C-alpha cells in the first residue's frame, strides 16, 4: 500500500526505522537517501539518455513510481527539463510513442458517449478538482493532427500546473475530446485506438463540447477549464462561446499575449525609448499576432494611463501583402483593421511590400517576430533598426528555432550587444568582447499556473480579460531592479513557485475587486493573501 502508491512512496528516502515500522525492510536496496540525493540520482539517470524522447520515457517511469521525486526533479532542473516534459518533445511522444500516456489518469470523451459525459466524470472518482486541461488534438499550429493521442498534451500541460503553481497532483484532470482526426496515417493505422473518422463538423463539435462544459461545471464546479492546442478554426470561437458562462481560458491565445506583453514593457523600460516613442513592426498579422499587439497596448494603458488610441498608433502591422494600411486597396480582415495605418498614402502603400523597404520607411525601434515564415530579420534589417534607437528591441517569437525571425546570437552580434531580445525557445548565452548576453525566454509557464492557482482559490464565476491583464502586469512587476540591471525581462524561471504565488495573489485581488470571487475565506489585503496562497500550494517534499 506504501511502495505501490506513487503519491506516498518515498523509495530510498524511507529511513531504516521507517522501513522496519512499515514492514518494507528488504523491499528496497539498503542505502538511505534524502530527496535532494534522490533528485541528483534521477538527474544522472535522465542524462544517461541522449535523445529527448528517451529522457521523457525515463521521467514517465519516475512519475509512475514516486510522484514527489518526479516533481522535485523537474523543479531542481526546470529550464533543462521544460523542452523534454512539454513542447516540443511531448508532441513527438504523442505522435509516435503514445503508449507513454497509457498508464496516466485521464478522461476520454467522443460521440459514442453522448449524454453520458456527466456519468463518466462522476465515475472518474476525483475530489474537488481545481484544473482541467482539454484538447481535441487538432493543434494550434495545425501541424501533426494527434487525434485521441492529444491526451498526451493535456497530461503534459496538467503536470506544468502541478510543478509551476503547486496544484495538488490529485486535483488536476487531463481530457481528450476525440471528435476524430484528419491524420491520414492514423486513419489507416491498425494500432490507432481513437475514433477512426475525419473530424466532426462544427455543429456536432459544439454539441459534444457544450455537453463537456455543462457536465464539468456540474460535476467539477471548483475547476478552471483550460483549452490547449485547439486549431484556429475553433480556438477563438470556443472562447467567444464560453468565456462568460464558464470558468475557462485558452493558454495559447490569452497566456501567450500576457507573457509577451510583460516582457515587452520591460524591454521598453531598458531601451530608453518610452512606449509612446516606440515604433513597432509587428511581423505577422494572424489573429494571434494582433491579439499580442492588443495585449501590449492594454498593458501599457493599465501601467502608465497613456490613451490606448495613442499606444495603438505605435504599431506597424505587416501581413503577407506588406504594411497593413487603409490606403492599400484590399478589403482588410476584421482583426487587421484596428492596427491599419491611416497615415500612409496609397502611393507609399504600393512601395511597402518587402520587410526591408517597410523597415527603411517606418524607422522602427522594435521588431516583433510573430510571422511563422523563417528568418526575416536579416542583418540589413537589424542594421537599419540601429539607426533608429541605441537599444533595438528584437523579439523572434516564431517556433521552432528554424521558423524564428533571427537567432539571439546574430541579434547580439549585429548590434554589438545593444539588442534587447526575448525568444519563444531557450538559447545559450552569447559573449561579445568579454560581455555576456542571454535572451529572455517568454515561456507560457510564467502565467497559466498562477491564473490556475488564483482561479482555484478565488473560484470566480468566470475569467474576464481583466484577470489575464492583472496576471500580465503582476509578471512584469516581478522583474526586480537587479534582474533589469542584468538585462532580464522576466523573473527567473526557477523561481516559478514565488512567481505563481504572486500572479495568483494579484488575480485573486482583481476577482475580489470585480466581486466575481465565490471563495469568502481568502484574505483581501496583498501581504496576508500572498502568505495564504504560498501555504496552499502543494510542494514536492515528503509530507506523510
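Positions refer to the first chain, counted from 1.
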- May I ask whether residue 384 is missing from the deposited models in at least a third of the other compared entries? no
- Message: Counting only other entries that model residues on either side, is residue 215 absent from the coordinates in at least a third?
- Response: no
- Query: Which is higher in the entry, the mean Cα B factor of 122-130 or that of 261-269?
  - Reply: 122-130
- Query: So 400-408 or 236-244, which one's hotter by mean CA B-factor in the entry?
  - Reply: 400-408
- Task: Report the option among 35, 509, 62, 53 whose CA atom has the maximum B-factor in the deposited record.
- Result: 53
- Item | Residue with highest C-alpha B-factor in the PDB entry, from 187, 218, 176, 224 | 218
- Query: Of the three thirds of its chain by CA temperature factor, lowest, middle or highest, which one includes residue 251?
  - Reply: lowest
- Hey, what third does residue 526 fall into on Cα B-factor, ranked over its chain? middle
- Query: According to the PDB entry, is the CA B factor of residue 391 in the bottom, middle or top third of its chain, that is, lowest, middle or highest?
  - Reply: highest
- Give the position of residue 497 by CA B-factor within its chain, expressed as the lowest, middle or highest third. lowest
- Item | Among modelled residues of the same chain, the CA temperature factor third for residue 24 | highest
